[PDB]
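Listing of my_file_36.txt; format and content: compact mmCIF, C-alpha atoms.
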# COMPACT_ATOMS: atom_id res chain seq x y z
CA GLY K 1 0.00 0.00 0.00
CA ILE K 2 0.96 3.65 -0.39
CA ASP K 3 0.61 6.68 1.89
CA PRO K 4 -3.15 7.36 2.02
CA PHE K 5 -5.00 10.66 2.48
CA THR K 6 -2.35 13.38 2.32
CA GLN K 7 -2.39 14.63 -1.27
CA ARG K 8 -5.80 13.27 -2.23
CA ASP K 9 -7.59 15.47 0.30
CA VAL K 10 -6.00 18.68 -0.95
CA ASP K 11 -7.09 17.94 -4.51
CA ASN K 12 -10.43 16.46 -3.44
CA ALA K 13 -11.18 19.74 -1.70
CA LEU K 14 -10.65 21.66 -4.94
CA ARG K 15 -12.79 19.03 -6.65
CA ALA K 16 -15.67 19.68 -4.25
CA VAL K 17 -15.28 23.46 -3.87
CA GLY K 18 -14.59 23.99 -7.56
CA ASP K 19 -17.49 21.88 -8.80
CA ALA K 20 -19.90 23.43 -6.31
CA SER K 21 -18.78 26.95 -7.16
CA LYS K 22 -19.04 26.30 -10.91
CA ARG K 23 -22.22 24.21 -10.95
CA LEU K 24 -24.15 26.34 -8.45
CA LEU K 25 -23.02 29.86 -9.35
CA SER K 26 -23.45 28.95 -13.01
CA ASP K 27 -25.73 26.72 -15.11
CA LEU K 28 -27.50 24.87 -12.30
CA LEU K 29 -29.72 26.58 -9.74
CA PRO K 30 -31.60 24.93 -6.83
CA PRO K 31 -35.32 25.18 -7.73
CA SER K 32 -36.21 24.64 -4.09
CA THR K 33 -39.39 26.58 -3.40
CA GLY K 34 -40.85 27.13 0.05
CA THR K 35 -39.86 29.28 2.99
CA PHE K 36 -36.92 31.66 2.69
CA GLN K 37 -36.20 31.41 6.42
CA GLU K 38 -35.68 27.67 6.02
CA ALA K 39 -32.81 28.10 3.57
CA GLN K 40 -31.63 31.01 5.70
CA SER K 41 -31.40 28.79 8.77
CA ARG K 42 -29.98 25.93 6.70
CA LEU K 43 -27.23 28.27 5.51
CA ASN K 44 -26.48 29.44 9.06
CA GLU K 45 -25.98 25.88 10.33
CA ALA K 46 -23.77 25.08 7.38
CA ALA K 47 -21.70 28.24 7.79
CA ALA K 48 -20.90 27.50 11.43
CA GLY K 49 -19.25 24.27 10.38
CA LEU K 50 -17.31 25.77 7.49
CA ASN K 51 -16.05 28.46 9.87
CA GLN K 52 -14.40 25.68 11.84
CA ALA K 53 -13.23 23.96 8.65
CA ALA K 54 -11.19 27.06 7.84
CA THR K 55 -10.02 27.05 11.45
CA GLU K 56 -8.91 23.44 11.01
CA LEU K 57 -6.63 24.47 8.15
CA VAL K 58 -5.20 27.13 10.46
CA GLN K 59 -4.49 24.76 13.35
CA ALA K 60 -3.27 22.02 11.01
CA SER K 61 -0.92 24.39 9.16
CA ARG K 62 1.19 24.57 12.31
CA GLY K 63 1.11 20.83 12.84
CA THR K 64 1.53 18.31 10.03
CA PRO K 65 0.64 17.93 6.31
CA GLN K 66 -1.39 14.91 7.39
CA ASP K 67 -3.61 17.15 9.52
CA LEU K 68 -3.86 19.53 6.57
CA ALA K 69 -5.20 16.58 4.61
CA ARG K 70 -8.23 16.00 6.83
CA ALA K 71 -8.65 19.74 7.17
CA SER K 72 -8.73 19.96 3.37
CA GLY K 73 -10.99 16.95 3.00
CA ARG K 74 -13.64 18.37 5.28
CA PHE K 75 -13.26 21.99 4.15
CA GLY K 76 -14.01 21.16 0.54
CA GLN K 77 -16.84 18.79 1.40
CA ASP K 78 -18.57 20.98 3.99
CA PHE K 79 -18.25 23.96 1.64
CA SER K 80 -20.59 22.14 -0.74
CA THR K 81 -23.34 21.98 1.89
CA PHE K 82 -22.72 25.65 2.68
CA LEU K 83 -22.84 26.77 -0.94
CA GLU K 84 -25.83 24.58 -1.85
CA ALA K 85 -27.79 26.33 0.90
CA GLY K 86 -26.50 29.77 -0.01
CA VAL K 87 -27.32 29.46 -3.71
CA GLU K 88 -30.71 28.01 -2.78
CA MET K 89 -31.80 31.10 -0.86
CA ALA K 90 -30.06 33.24 -3.48
CA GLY K 91 -32.44 31.81 -6.06
CA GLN K 92 -35.33 32.79 -3.80
CA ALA K 93 -34.31 36.45 -3.90
CA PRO K 94 -37.29 38.40 -5.32
CA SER K 95 -35.24 41.24 -6.79
CA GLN K 96 -32.63 40.21 -9.37
CA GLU K 97 -30.50 43.16 -8.27
CA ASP K 98 -30.32 41.63 -4.79
CA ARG K 99 -30.14 38.14 -6.28
CA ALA K 100 -27.06 39.01 -8.32
CA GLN K 101 -25.66 40.77 -5.26
CA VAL K 102 -26.01 37.77 -2.95
CA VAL K 103 -24.45 35.59 -5.68
CA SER K 104 -21.52 38.03 -5.80
CA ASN K 105 -21.07 37.53 -2.05
CA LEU K 106 -21.25 33.77 -2.53
CA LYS K 107 -18.51 34.08 -5.14
CA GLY K 108 -16.38 35.98 -2.65
CA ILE K 109 -16.37 33.08 -0.22
CA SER K 110 -16.26 30.49 -3.03
CA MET K 111 -13.13 32.08 -4.47
CA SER K 112 -11.49 32.74 -1.09
CA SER K 113 -12.03 29.14 0.04
CA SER K 114 -10.47 27.90 -3.17
CA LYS K 115 -7.56 30.32 -2.74
CA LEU K 116 -7.16 29.11 0.85
CA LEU K 117 -6.94 25.47 -0.22
CA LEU K 118 -4.14 26.32 -2.65
CA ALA K 119 -2.07 27.56 0.29
CA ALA K 120 -2.75 24.37 2.24
CA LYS K 121 -1.73 22.27 -0.76
CA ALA K 122 1.50 24.21 -1.13
CA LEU K 123 2.12 23.87 2.60
CA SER K 124 1.90 20.10 2.23
CA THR K 125 4.82 20.12 -0.19
CA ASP K 126 6.53 23.01 1.58
CA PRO K 127 6.01 22.27 5.31
CA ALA K 128 9.24 24.01 6.30
CA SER K 129 8.06 27.38 4.98
CA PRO K 130 6.89 29.35 8.07
CA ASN K 131 5.58 32.28 6.04
CA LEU K 132 3.22 29.97 4.18
CA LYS K 133 1.53 29.19 7.51
CA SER K 134 0.67 32.87 7.90
CA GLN K 135 -0.50 33.11 4.28
CA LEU K 136 -2.80 30.16 4.94
CA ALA K 137 -4.10 31.78 8.13
CA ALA K 138 -4.67 35.00 6.18
CA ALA K 139 -6.63 33.20 3.46
CA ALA K 140 -8.58 31.27 6.09
CA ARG K 141 -9.39 34.58 7.76
CA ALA K 142 -10.63 35.83 4.40
CA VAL K 143 -12.82 32.75 3.94
CA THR K 144 -14.26 33.13 7.43
CA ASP K 145 -14.77 36.84 6.75
CA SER K 146 -16.73 36.14 3.57
CA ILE K 147 -18.78 33.47 5.37
CA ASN K 148 -19.78 35.90 8.12
CA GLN K 149 -20.38 38.58 5.49
CA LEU K 150 -22.93 36.44 3.68
CA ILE K 151 -24.46 35.25 6.94
CA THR K 152 -24.90 38.84 8.08
CA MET K 153 -26.65 39.61 4.79
CA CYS K 154 -28.86 36.50 4.90
CA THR K 155 -30.32 37.96 8.07
CA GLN K 156 -32.06 41.33 8.25
CA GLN K 157 -29.04 43.59 8.42
CA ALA K 158 -29.35 46.64 10.63
structure tokens encoding of this file:
Amino acid sequence: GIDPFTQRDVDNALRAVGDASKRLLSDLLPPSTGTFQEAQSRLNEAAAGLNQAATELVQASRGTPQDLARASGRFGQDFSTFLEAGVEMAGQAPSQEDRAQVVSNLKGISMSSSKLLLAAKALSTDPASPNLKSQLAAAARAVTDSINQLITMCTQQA
């Protein structure tokens, strides 16, 4: 056997995040009709987990590439659930101006999460680069920022 789950997870994350970001923010839209607050709540629950997923990349970046693997594997996977909920409520937006706006926010976190993963991947091949830890933490902070940004907007913002 070979060394399992160390490089797969960092690519698998891009697989999940990338596909979700491309298939949901383009072409395919969740035709889920019902209560807006349901998708709102569903997004909130999902976000809370993804917030930790980004945190996992942070804690793992200062540990081992093998931790980064599981951090990557969850981050990409959980992002799907987050995005699928976000795009769902985005499609329920009555005004297309707001609809396009919320999609723009979704892109912000979709891109940032992708950009974060790239740092984790690089840190798996370059684990002796201390600066790359901080770059990862910075990108993770950006992801978490975008998550909270969208979550603040999904609720009635005052």
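CA of residue 62 (chain K) to CA of residue 119 (chain K) spans 12.8 Å [interatomic distance, one decimal].
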Of the candidates K:87, K:116, K:46, K:14, which shows the shortest atom-to-atom distance to residue 100 (chain K), using all atoms listed in the file?
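Among K:87, K:116, K:46, K:14, it is K:87 that comes nearest to residue 100 (chain K).
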What is the CA of residue 106 (chain K) to CA of residue 123 (chain K) distance in Å?
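Between CA of residue 106 (chain K) and CA of residue 123 (chain K) the gap works out to 25.9 Å.
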Within 9 Å of residue 55 (chain K), counting all atoms listed in the file, which residues qualify if same-chain residues fewer than 3 places away don't, as a PDB file with C-alpha atoms, keeping the file's coordinate frame?
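Saved as around26.pdb:
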ATOM      1  CA  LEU K  50     -17.310  25.770   7.490  1.00  0.00           C
ATOM      2  CA  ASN K  51     -16.050  28.460   9.870  1.00  0.00           C
ATOM      3  CA  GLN K  52     -14.400  25.680  11.840  1.00  0.00           C
ATOM      4  CA  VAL K  58      -5.200  27.130  10.460  1.00  0.00           C
ATOM      5  CA  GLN K  59      -4.490  24.760  13.350  1.00  0.00           C
ATOM      6  CA  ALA K  60      -3.270  22.020  11.010  1.00  0.00           C
ATOM      7  CA  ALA K  71      -8.650  19.740   7.170  1.00  0.00           C
ATOM      8  CA  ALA K 137      -4.100  31.780   8.130  1.00  0.00           C
ATOM      9  CA  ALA K 140      -8.580  31.270   6.090  1.00  0.00           C
ATOM     10  CA  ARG K 141      -9.390  34.580   7.760  1.00  0.00           C
ATOM     11  CA  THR K 144     -14.260  33.130   7.430  1.00  0.00           C
TER      12      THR K 144
END
Find the residue from K:9, K:103, K:78, K:92 that sits nearest to residue 26 (chain K); use all atoms listed in the file when measuring.
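When distances to residue 26 (chain K) are compared using all atoms listed in the file, the smallest one comes from K:103.
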Option closest in space to residue 5 (chain K), from K:66, K:112, K:155, K:135 [counting only C-alpha atoms]:
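The shortest atom-to-atom distance to residue 5 (chain K) comes from K:66.
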Straight-line distance linking CA of residue 21 (chain K) with CA of residue 39 (chain K), stated in Å to one decimal:
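According to the coordinates, CA of residue 21 (chain K) and CA of residue 39 (chain K) are separated by 17.7 Å.
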With 10 Å as the threshold, what does the neighbourhood of (-21.0, 33.8, 7.5) contain in terms of residues, counting all atoms listed in the file? Coordinates are those of the file; answer as a list in words.
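I get residues 43, 44, 45, 46, 47, 48, 50, 51, 82, 109, 143, 144, 145, 146, 147, 148, 149, 150, 151, 152, 153 and 154 of chain K for the residues within 10 Å of that point.
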Closest to residue 88 (chain K) among K:25, K:2, K:122, K:158, using only C-alpha atoms?
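Of K:25, K:2, K:122, K:158, the one nearest residue 88 (chain K), counting only C-alpha atoms, is K:25.
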Compare K:134, K:85, K:118, K:113 by their minimum atom-to-atom distance to residue 36 (chain K), counting all atoms listed in the file, and give me the closest one.
K:85
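Distance check against residue 57 (chain K) using only C-alpha atoms: of K:33, K:124, K:7, K:110, the minimum falls on K:124.
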Add whatever atoms are absent from region 40-56 of chain K to reach N, CA, C and O atoms, and provide the output as a PDB file, in the frame of the given file.
ATOM      1  N   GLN K  40     -32.393  30.085   4.875  1.00  0.00           N
ATOM      2  CA  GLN K  40     -31.630  31.010   5.700  1.00  0.00           C
ATOM      3  C   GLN K  40     -31.011  30.276   6.887  1.00  0.00           C
ATOM      4  O   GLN K  40     -29.806  30.364   7.137  1.00  0.00           O
ATOM      5  N   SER K  41     -31.848  29.551   7.614  1.00  0.00           N
ATOM      6  CA  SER K  41     -31.400  28.790   8.770  1.00  0.00           C
ATOM      7  C   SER K  41     -30.452  27.673   8.338  1.00  0.00           C
ATOM      8  O   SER K  41     -29.439  27.423   8.989  1.00  0.00           O
ATOM      9  N   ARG K  42     -30.775  27.034   7.220  1.00  0.00           N
ATOM     10  CA  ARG K  42     -29.980  25.930   6.700  1.00  0.00           C
ATOM     11  C   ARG K  42     -28.575  26.410   6.331  1.00  0.00           C
ATOM     12  O   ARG K  42     -27.586  25.699   6.533  1.00  0.00           O
ATOM     13  N   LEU K  43     -28.499  27.628   5.812  1.00  0.00           N
ATOM     14  CA  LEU K  43     -27.230  28.270   5.510  1.00  0.00           C
ATOM     15  C   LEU K  43     -26.437  28.532   6.789  1.00  0.00           C
ATOM     16  O   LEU K  43     -25.244  28.240   6.868  1.00  0.00           O
ATOM     17  N   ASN K  44     -27.117  29.079   7.789  1.00  0.00           N
ATOM     18  CA  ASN K  44     -26.480  29.440   9.060  1.00  0.00           C
ATOM     19  C   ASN K  44     -25.811  28.238   9.717  1.00  0.00           C
ATOM     20  O   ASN K  44     -24.671  28.332  10.178  1.00  0.00           O
ATOM     21  N   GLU K  45     -26.514  27.109   9.743  1.00  0.00           N
ATOM     22  CA  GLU K  45     -25.980  25.880  10.330  1.00  0.00           C
ATOM     23  C   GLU K  45     -24.756  25.414   9.559  1.00  0.00           C
ATOM     24  O   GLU K  45     -23.764  24.969  10.141  1.00  0.00           O
ATOM     25  N   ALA K  46     -24.838  25.523   8.244  1.00  0.00           N
ATOM     26  CA  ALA K  46     -23.770  25.080   7.380  1.00  0.00           C
ATOM     27  C   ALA K  46     -22.530  25.950   7.558  1.00  0.00           C
ATOM     28  O   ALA K  46     -21.405  25.455   7.644  1.00  0.00           O
ATOM     29  N   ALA K  47     -22.763  27.256   7.645  1.00  0.00           N
ATOM     30  CA  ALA K  47     -21.700  28.240   7.790  1.00  0.00           C
ATOM     31  C   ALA K  47     -20.876  27.998   9.047  1.00  0.00           C
ATOM     32  O   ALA K  47     -19.648  28.071   9.020  1.00  0.00           O
ATOM     33  N   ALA K  48     -21.564  27.707  10.147  1.00  0.00           N
ATOM     34  CA  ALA K  48     -20.900  27.500  11.430  1.00  0.00           C
ATOM     35  C   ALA K  48     -19.870  26.384  11.351  1.00  0.00           C
ATOM     36  O   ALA K  48     -18.816  26.453  11.985  1.00  0.00           O
ATOM     37  N   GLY K  49     -20.169  25.364  10.557  1.00  0.00           N
ATOM     38  CA  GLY K  49     -19.250  24.270  10.380  1.00  0.00           C
ATOM     39  C   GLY K  49     -18.067  24.640   9.507  1.00  0.00           C
ATOM     40  O   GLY K  49     -16.921  24.303   9.814  1.00  0.00           O
ATOM     41  N   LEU K  50     -18.348  25.357   8.426  1.00  0.00           N
ATOM     42  CA  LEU K  50     -17.310  25.770   7.490  1.00  0.00           C
ATOM     43  C   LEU K  50     -16.352  26.759   8.150  1.00  0.00           C
ATOM     44  O   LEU K  50     -15.161  26.791   7.834  1.00  0.00           O
ATOM     45  N   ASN K  51     -16.878  27.558   9.078  1.00  0.00           N
ATOM     46  CA  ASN K  51     -16.050  28.460   9.870  1.00  0.00           C
ATOM     47  C   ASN K  51     -14.977  27.686  10.622  1.00  0.00           C
ATOM     48  O   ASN K  51     -13.831  28.129  10.731  1.00  0.00           O
ATOM     49  N   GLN K  52     -15.346  26.519  11.135  1.00  0.00           N
ATOM     50  CA  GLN K  52     -14.400  25.680  11.840  1.00  0.00           C
ATOM     51  C   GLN K  52     -13.479  24.970  10.853  1.00  0.00           C
ATOM     52  O   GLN K  52     -12.310  24.753  11.141  1.00  0.00           O
ATOM     53  N   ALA K  53     -14.015  24.623   9.690  1.00  0.00           N
ATOM     54  CA  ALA K  53     -13.230  23.960   8.650  1.00  0.00           C
ATOM     55  C   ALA K  53     -12.038  24.817   8.242  1.00  0.00           C
ATOM     56  O   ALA K  53     -10.929  24.313   8.053  1.00  0.00           O
ATOM     57  N   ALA K  54     -12.269  26.119   8.118  1.00  0.00           N
ATOM     58  CA  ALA K  54     -11.190  27.060   7.840  1.00  0.00           C
ATOM     59  C   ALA K  54     -10.231  27.123   9.019  1.00  0.00           C
ATOM     60  O   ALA K  54      -9.014  27.202   8.849  1.00  0.00           O
ATOM     61  N   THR K  55     -10.798  27.064  10.218  1.00  0.00           N
ATOM     62  CA  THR K  55     -10.020  27.050  11.450  1.00  0.00           C
ATOM     63  C   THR K  55      -9.130  25.812  11.525  1.00  0.00           C
ATOM     64  O   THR K  55      -7.997  25.872  12.008  1.00  0.00           O
ATOM     65  N   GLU K  56      -9.645  24.694  11.024  1.00  0.00           N
ATOM     66  CA  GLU K  56      -8.910  23.440  11.010  1.00  0.00           C
ATOM     67  C   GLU K  56      -7.663  23.552  10.138  1.00  0.00           C
ATOM     68  O   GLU K  56      -6.604  23.045  10.500  1.00  0.00           O
TER      69      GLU K  56
END
